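Student: Structure provided below as structure tokens; questions to follow.
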């Protein structure tokens, strides 16, 4: 009911596999919910079809 | 598989969470447990970030030194089964901070 | 194959030590020209083999992830050669050409290609699939589609 103010905060991280050498950077982003307690690797989006 | 339909327990748990909001309960009561799905979106990006080194250097300059607002756009897009009916395969929208 | 190093380590653990069946899903999806007519742009379906715990195929696909073996895994019953693409999104295999259903599906030989560049752990990894009975053009999987 507060629209944007009821949307969950997202914790964003940059994962940077390098392989300990050179600038070969396997880079990808990870997102987590700010209040994750169980399954921080999952963002449960509840969809009413 | 990541798309999990609501169990009767998950529907009772959602109803409980929203029992204080009569407008939320009026909305929840319009949908069946089969109509509500949890998409368990994995929090690791399913693609490597292919950003060009000059695009990354520009993004870094725009984050530190950019005077204009940089729009963080979160988008969702739902593909549906046209063989189950309806005229629209893709339902999508965007949030923009 | 963009798989995260922890996802690859988990897949390797699930292939070697997983007690649950690991589902090998082969999917096909046919895009059609809506300007030629019909109401359905995409006709799709899925085959799903349960790779049983301790099975030969599950262990050989586990050893491929080690990159110590030039050995291909053969997975029987995986490739439906004959598929109907009907006016709807149910791209069903042809039970009239494959009367034993899964038992008339071609075996797929799977390989892991691992370009390294002779140095470090920079691993350009991708999978190759071949038909078990390929004689000519082993780099091609002829899927026969009845539209």
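Numbers here mean position along the shown chain, with the first residue as 1.
Determination method: electron microscopy, 3.9 Å.
Each residue, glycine too, has its Cβ placed from N, Cα and C.
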Student: If Swiss-Prot marks one of C:17, C:54 as N-linked glycosylation site, which residue does it mark?
Tutor: C:17
Student: Measuring Cα to Cα, tell me the gap between residue C:138 (disulfide bond) and residue C:17 (N-linked glycosylation site) in whole angstrom.
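Tutor: Checking the Cα atoms of residue C:138 (disulfide bond) and residue C:17 (N-linked glycosylation site) gives a distance of 32 Å.
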Student: Would you count the other CB atoms within 10 A of the CB of residue C:138 (disulfide bond), including those on all shown protein chains?
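Tutor: Summing over all protein chains shown, residue C:138 (disulfide bond) has 12 other Cβ atoms within 10 Å.
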Student: Highest CB neighbour count within 10 A among the recorded positions C:17, C:134?
Tutor: C:134
Student: How big is the Cα-to-Cα gap, in Å, between residue C:134 (disulfide bond) and residue C:17 (N-linked glycosylation site)?
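Tutor: Rounded to the nearest whole number, the Cα-Cα distance is 32 Å.
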